[PDB]
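Report on the structure given below.
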Amino acid sequence: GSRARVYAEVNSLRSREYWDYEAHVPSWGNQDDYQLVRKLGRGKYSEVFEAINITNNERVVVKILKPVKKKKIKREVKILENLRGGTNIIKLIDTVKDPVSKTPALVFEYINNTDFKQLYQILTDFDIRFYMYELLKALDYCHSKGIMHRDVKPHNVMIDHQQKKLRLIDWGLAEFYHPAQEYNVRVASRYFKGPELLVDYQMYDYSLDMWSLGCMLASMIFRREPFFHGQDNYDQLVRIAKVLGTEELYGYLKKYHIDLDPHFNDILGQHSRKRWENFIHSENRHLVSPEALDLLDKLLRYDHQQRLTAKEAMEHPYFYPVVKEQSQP
Ligand SMILES: COc1cc(Nc2ncc3ccn(-c4cccc(CCC#N)c4)c3n2)cc(OC)c1OC
Ligand SMILES: [Cl-]
Ligand SMILES: [Cl-]
């Protein structure tokens, strides 16, 4: 068995109403209050449009939800309501339906986001520390509120690089953590899936998000994006094992009594645990420090229970420059 090291009992200590999302009843307003301007993106079960609120000329974003169980919609809405006002959590402004189609939609604050594929390549050492610290604030907050995001990746982190404002978005895969609950492993996006997901270990927790965050950190400081570039879910674990080593993998599986899909027998091979310094070269050297490598080593661990918590990560020396700069000249 496995239990989160932090925030394990959060939900059981709260009113049932807090976590019993199936009982939540959203109030659906009129989407006619919003003029859609342009498409910003899409997902498996949504598309998102920039919009103007006709009544007050506020620029917002409208996420039109594609056909899903009402249950998944209630989950996302209740989670967003529970996290509202939290540090660096996207603000849910309203829940609306189009009168003709009857299609439900969520309205969020607009962030003047720079595409990560443009942004990450101009970030300084300090900028990476700063934004990673901001994202950690969001994760410590949601974890403290009993919620796992389960889809941390650059696409889900909106950054206004002028305002220095970061928001964690797309809470559609987020879930309430309950100790000993077995969860579906078909979460996250391939390059950000923790080893627990890839070996079908269901008793995971908030620490899944910390794997994903470590993947982001590695891509930012080393400039190899994505960092672990699997061709499929099987190959994803092989790419991880080429860095973290196979001995440590087999150790992890034995510790948690995880049976390894035998398709891995012929593709994993035997790999040493690598030095993180191996990834340094002339074009990324300025973004790498001993502190960054120590943090990465403590996030990207097979054993989910051994990974730093969001708060432990915030306390790491890598972020000392950020903590110091929070008092302006
Ligand atoms: C993403 O690109 C851009 C995004 C934004 N701004 C923005 N602000 C808030 C939210 C909330 C959800 N979203 C979103 C958008 C697209 C897709 C998804 C994923 C779920 C679905 N479908 C969420 C948001 N996007 C601005 C831009 O330009 C100013 C962009 O262009 C760079
Ligand atoms: Cl979203
Ligand atoms: Cl250190």
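As a basis for the values below, the full set of heavy atoms in this structure was taken, side chains included, without hydrogen atoms, waters or symmetry mates. In what follows, residues are counted from 1 in the order of the sequence shown.
Aromatic ring centroids of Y7 and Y177 lie 6.0 Å or more apart. Ring centroids of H304 and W211 are separated by 6.0 Å or more, keeping the two rings apart.
In terms of the salt bridge (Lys or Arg N to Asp or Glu O under 4.0 Å) criterion, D200 has no residue partners (sequence neighbours excluded). Under the side chain to side chain contact (heavy atoms under 4.5 Å, CB included) criterion, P290 pairs with no residue at all, not counting sequence neighbours. In this structure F130 satisfies the ring-ring contact (aromatic ring centres under 6.0 Å, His included) test with no other residue, sequence neighbours excluded. Scanning for ring-ring contact (aromatic ring centres under 6.0 Å, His included) contacts around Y204 gives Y183, with sequence neighbours left out. Residues passing the ring-ring contact (aromatic ring centres under 6.0 Å, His included) test with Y191, sequence neighbours excluded: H229. Under the rule for a side chain to side chain contact (heavy atoms under 4.5 Å, CB included), the partners of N278 that lie at least two apart in sequence or sit in another chain are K274, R275.
Both tests do not hold together for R224 against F222: distance to the six-membered ring centre under 6.0 Å, angle to the ring axis within 45°. Judged by the 6.0 Å distance and 45° axis criteria, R239 is not positioned over the aromatic ring of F228.
With respect to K63 and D170, a salt bridge is recorded, a charged nitrogen being found less than 4.0 Å from a carboxylate O. Between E22 and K74 there is no salt bridge, since no side-chain N of the basic residue sits under 4.0 Å from a carboxylate O of the acidic one. Salt-bridge formation is detected for the pair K298/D294: a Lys NZ or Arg NE/NH1/NH2 atom is positioned less than 4.0 Å from an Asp or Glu carboxylate oxygen. A salt bridge links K255 to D303: one of the charged nitrogens lies within less than 4.0 Å of a carboxylate oxygen.
In this structure, NE2 in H155 is found 9.5 Å from CE in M158, a value given to the nearest 0.5 Å. Between the CZ atom of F176 and the OH atom of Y18 there is a distance of 6.0 Å, given to the nearest 0.5 Å.
Between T246 and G269, the shortest heavy-atom distance links the atoms CG2-O, 3.5 Å.
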Exercise. Step by step, work out the side chain to side chain contact (heavy atoms under 4.5 Å, CB included) result for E17 and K78.
Key: CA-CA 10 Å; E17 184 171 283; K78 184 63 183 185; 4.3 Å; yes
Quiz item: Could you go step by step and tell me if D209 and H143 meet the side-chain hydrogen bond (donor to acceptor under 3.5 Å, both in side chains) rule?
Solution: CA-CA 9 Å; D209 291 335; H143 296 165; 2.8 Å; yes
Practice problem: Please assess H161 against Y131 for the test ring-ring contact (aromatic ring centres under 6.0 Å, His included), listing each intermediate value before the final yes or no. | Solution: CA-CA 10 Å; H161 189 50; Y131 287 123; 5.8 Å; yes
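When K72, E76, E175 are each tested for a side-chain contact (heavy atoms from CB on, under 4.5 Å) with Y21, only one passes: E175. For the side-chain contact (heavy atoms from CB on, under 4.5 Å) with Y45, the qualifying choice from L173, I73, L65 is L173, the only one to do so. For the salt bridge (charged side-chain N to carboxylate O under 4.0 Å, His left out) with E109, the qualifying choice from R59, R167, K165 is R167, the only one to do so. The residue from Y320, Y318, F319 that alone fulfils the ring-ring contact (aromatic ring centres under 6.0 Å, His included) condition with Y133 is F319.
Under the 3.5 Å distance criterion, the side-chain polar atoms of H263 are left unmatched by any main-chain donor or acceptor of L260. Judged by distance alone, with hydrogens and angles left aside, the side-chain atoms of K193 form a donor-acceptor pair with the main-chain N or O of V187 at under 3.5 Å. Proximity of a side-chain donor or acceptor of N11 to a complementary backbone N or O of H178 within less than 3.5 Å is not detected.
Looking at heavy atoms from C-beta onward, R5 lies in side-chain contact with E312 at the 4.5 angstrom threshold.
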